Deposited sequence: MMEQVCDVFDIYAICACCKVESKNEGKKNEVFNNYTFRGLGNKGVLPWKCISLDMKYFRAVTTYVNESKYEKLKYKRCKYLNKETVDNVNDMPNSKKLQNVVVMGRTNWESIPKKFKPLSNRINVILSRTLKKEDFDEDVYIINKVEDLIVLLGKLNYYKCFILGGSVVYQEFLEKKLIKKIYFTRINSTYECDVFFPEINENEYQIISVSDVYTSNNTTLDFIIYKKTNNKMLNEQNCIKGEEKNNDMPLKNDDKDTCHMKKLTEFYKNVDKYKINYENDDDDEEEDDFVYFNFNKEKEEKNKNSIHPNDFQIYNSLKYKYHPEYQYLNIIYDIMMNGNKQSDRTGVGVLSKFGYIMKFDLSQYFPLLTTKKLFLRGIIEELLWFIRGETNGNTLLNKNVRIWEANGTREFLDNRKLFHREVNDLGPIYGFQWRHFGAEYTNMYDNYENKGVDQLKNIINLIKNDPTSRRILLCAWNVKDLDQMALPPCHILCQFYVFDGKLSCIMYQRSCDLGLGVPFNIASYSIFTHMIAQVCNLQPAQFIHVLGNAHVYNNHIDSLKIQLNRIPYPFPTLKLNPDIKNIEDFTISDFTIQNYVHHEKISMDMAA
């Protein structure tokens, strides 16, 4: 029966990255303070969250806490409040006008200072066993260790912390004090929040837990689930013990899990099929993922992704290009296999030159309906410039339900190296904000989708910028959602990884026409990721 379960002693902290190819682990976020204050100016969303955790109380759950604490000890007002506990330097960093922390029982550890050194209404204690004494004598909901790196150190080495409410600030600052390295045998992460932007930085909230190493309408649920097939004669021959970490998290709110949960769904429930190659897949039909581009760039973190190649693909599209050599000469090999003599001949394109990919995305975006000749032709003022038209509808008719860019030209399919997977983009504008749906007919979950999420997220930012709009939601509709069999083992590794706060994307702000972007106009700041996974 451990002290920290009876007295409900939690730690809450926020850690940035410090000035240290780069390896990343959970020690990456470890920077606590600098010269006796915080390393960052304001991160107001961290304060709002801090406020919410340290001030939240539930009177109904108090009676069971009181009984519990009175039991363990062999045994005023009633306006229930939490206790907070501060190193003295912690306490001397707090602006005067906020002391003591409102609606919280403030406790400060000091040797140099005694109660007569304070005006405030704070409990002063010499020592830790003095907090345990006080907590046995107070009516309080929960006790939060607000730190000082010294306070954090002594509280974990005494195994007095039940959980750590740990905030990952996904930027770097100068630090002189650090949070101790959390022992993974002693603490495991059980919950990871959504990812937000506050004060020009992304952040998320994770919870580490100390490791053990009317209720009529409760029953209606079980009646109503009477037909359910899964007794667990595993539909698909993937095992539980393999996703031990994935399955052990309670709150999986990081948006990366929108993509990770579909791979779980395809693996646990997919239909076994033998696609065009013979490879074999598990497949499902119909999914939506939504990413909040105002809060992050959804580059997956559970594996390393490089975006030079897909950014140069998006610029190639926008220029209207179909010349596979242009990508090959920038050492981008995305379309190399689809432009071989063999691949083209096998597509019955016997009169198509090597790397002439025919009327693919770029052609359809700038010239839909023009007769395709060859990758070198001047197609100016031929066919519909869809791209130009959709920028025009966003600018001048934002409320239009007809702002779509369509790659799927039915007449041209057989003349393309292969029919496009990104069928269409629709756009939606409300209150100065651009959202985008892309519908993908065919979705390689292990290899393709992660880049696809990136391409269309970058594209949405570009259309938003050139239209004087802010980006909102990139919405990804997956039709035929498949995991290739020989990706499965890699995907089992990736799923047992815990996402890191997303990075951000900065477009050079001077670019104002969609045509005027170059590779140097794109910056991915603060990409924290697990190491690369070769999907085979």
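S.K.: Any chance you could give me the deposited-sequence numbering of all the stretches lacking C-alphas?
M.R.: Missing from the model are residues 1-2, 23-28, 84-93, 232-282, 606-608.
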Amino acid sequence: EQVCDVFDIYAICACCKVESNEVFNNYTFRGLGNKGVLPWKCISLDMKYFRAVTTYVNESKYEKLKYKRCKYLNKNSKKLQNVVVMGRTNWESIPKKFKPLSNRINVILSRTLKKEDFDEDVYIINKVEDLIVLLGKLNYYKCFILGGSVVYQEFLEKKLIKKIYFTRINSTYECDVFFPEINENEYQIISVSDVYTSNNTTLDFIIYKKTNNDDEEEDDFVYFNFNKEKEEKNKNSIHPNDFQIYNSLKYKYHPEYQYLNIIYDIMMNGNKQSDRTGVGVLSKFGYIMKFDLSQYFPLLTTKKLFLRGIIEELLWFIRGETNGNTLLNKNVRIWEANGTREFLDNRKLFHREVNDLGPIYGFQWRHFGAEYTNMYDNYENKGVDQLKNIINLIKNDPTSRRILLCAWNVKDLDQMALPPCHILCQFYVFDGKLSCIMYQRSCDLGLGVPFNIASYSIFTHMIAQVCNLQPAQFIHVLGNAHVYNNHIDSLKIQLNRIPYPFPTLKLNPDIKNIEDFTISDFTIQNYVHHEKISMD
From here on, numbers count along this sequence of modelled residues.
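We call the rigid core the largest set of C-alpha positions that still match within 1.5 Å between the two forms.
S.K.: Just give me the stretch that moves more in 9 other deposited structures of this protein: 130-138 or 351-359, judged by RMS C-alpha distance after a core fit.
M.R.: Taking the RMS over all superposed structures in 9 other deposited structures of this protein, 130-138 lies farther out.
S.K.: Core-aligned, RMS over all structures and residues: is 112-120 or 445-453 the stretch with the greater C-alpha displacement in 9 other deposited structures of this protein?
M.R.: Farther on average in 9 other deposited structures of this protein: 112-120.
S.K.: What about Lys79, left without coordinates in a third or more of the other entries of this protein that model its neighbours?
M.R.: In at least a third of the comparable entries (those modelling both sides of it), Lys79 has no coordinates.
S.K.: Hey, does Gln525 drop out of the model in a third or more of the other PDB entries compared here?
M.R.: Negative; every one of those entries includes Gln525.
S.K.: Please work out which of 142-150 and 223-231 has the higher mean CA B-factor as recorded in the PDB entry.
M.R.: Here the higher of the two C-alpha B-factor means belongs to 223-231.
S.K.: Which of the two stretches, 432-440 or 158-166, shows the higher mean Cα temperature factor in the record?
M.R.: Going by the record's values, the stretch with the higher mean is 158-166.
S.K.: Per the PDB entry, which option out of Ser248, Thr301, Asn338, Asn90 has the greatest Cα B factor?
M.R.: Checking the PDB record, the top C-alpha B-factor among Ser248, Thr301, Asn338, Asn90 is at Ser248.
S.K.: Of the choices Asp397, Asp265, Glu184, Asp117, which one's C-alpha carries the largest B-factor in the record?
M.R.: Each of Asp397, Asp265, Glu184, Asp117 was compared by C-alpha B-factor; the highest is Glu184.
S.K.: How does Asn526 rank on Cα B-factor within its chain, lowest, middle or highest third?
M.R.: Answer is lowest: the recorded C-alpha B-factor places it there.
S.K.: Among all modelled residues of this chain, ranked by Cα B factor, put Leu101 in the bottom, middle or top third, i.e. lowest, middle or highest.
M.R.: Tercile = middle for this residue's CA B-factor.
S.K.: Can you tell me which third, lowest, middle or highest, the CA B-factor of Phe306 falls into for its chain?
M.R.: According to the entry, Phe306 has a C-alpha B-factor in the chain's highest third.
S.K.: Classify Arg30 as lowest, middle or highest third according to the C-alpha B-factor given in the PDB entry, relative to its own chain.
M.R.: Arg30: CA B-factor falls in the middle third of its chain.
S.K.: Once the chain's modelled residues are ordered by C-alpha B factor and cut into thirds, is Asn271 in the lowest, middle or highest one?
M.R.: Middle third - that is where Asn271 ends up once the chain's C-alpha B-factors are sorted.
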